[PDB]
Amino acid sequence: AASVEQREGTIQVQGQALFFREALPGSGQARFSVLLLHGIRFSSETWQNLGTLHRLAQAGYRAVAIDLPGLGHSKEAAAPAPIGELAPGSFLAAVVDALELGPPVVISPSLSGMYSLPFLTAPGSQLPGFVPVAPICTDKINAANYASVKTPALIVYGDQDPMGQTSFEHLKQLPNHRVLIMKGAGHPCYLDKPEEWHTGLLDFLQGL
């Protein structure tokens, strides 16, 4: 195909440089943008090697994966908050603004929950789609705020992941959601069953 991918992996966000990898259609046109976050043991590089950025690009989407503060090639950036608490919801807004992605579908697994959830619930921040993958901090957002989010959600998790069921109890409070349970998969379920993950993901993005 004619998929263009760049890793100018550098944008200034709240005074710090963050690394990012990107893949887009090539014509330069895309239905909308998809922002991918990562777990503490991974980074944007994991999405690249898994083929996700490329897959999404050839399907007509602009795919952008960043490295969160202190991880990956963003090692010298300082995290806005410590593991244990929510990061400012305005952090990802700055990210989106620097890359000029426009309202994006946010894929948020594990650790990134601390960044994505506060953003999903930020004032006036109505996203096109949200794809949580056993995020942390789901219990830090109260029912009232979850019920206020109208953005479509695809709750994905592996049935072998104890955080799957736990986080689901809170996430199910999202008004518009669908569940994608990956049988025989663990916490990083997208790595255990790539085909099932990519198929479910694309199917979801199509219905937006």
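Start at 1 and count along the sequence shown; that's the residue number.
Between 199-207 and 4-12, the higher mean Cα B-factor belongs to 4-12. The stretch with the higher mean CA B factor, choosing between 24-32 and 174-182, is 24-32.
Based on the entry's C-alpha B-factors, the most elevated value among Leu127, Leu92, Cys137, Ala78 belongs to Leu127. Going by the entry's values, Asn145 shows the largest Cα B-factor out of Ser167, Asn145, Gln48, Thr151.
Ranked within its chain, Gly102 lands in the highest third, by CA B factor from the PDB record. Residue-level temperature factors show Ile141 in the highest third of its chain, judged at the C-alpha atom. Among the modelled residues of its chain, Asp67 has a C-alpha B-factor that falls in the lowest third, as given in the PDB entry.
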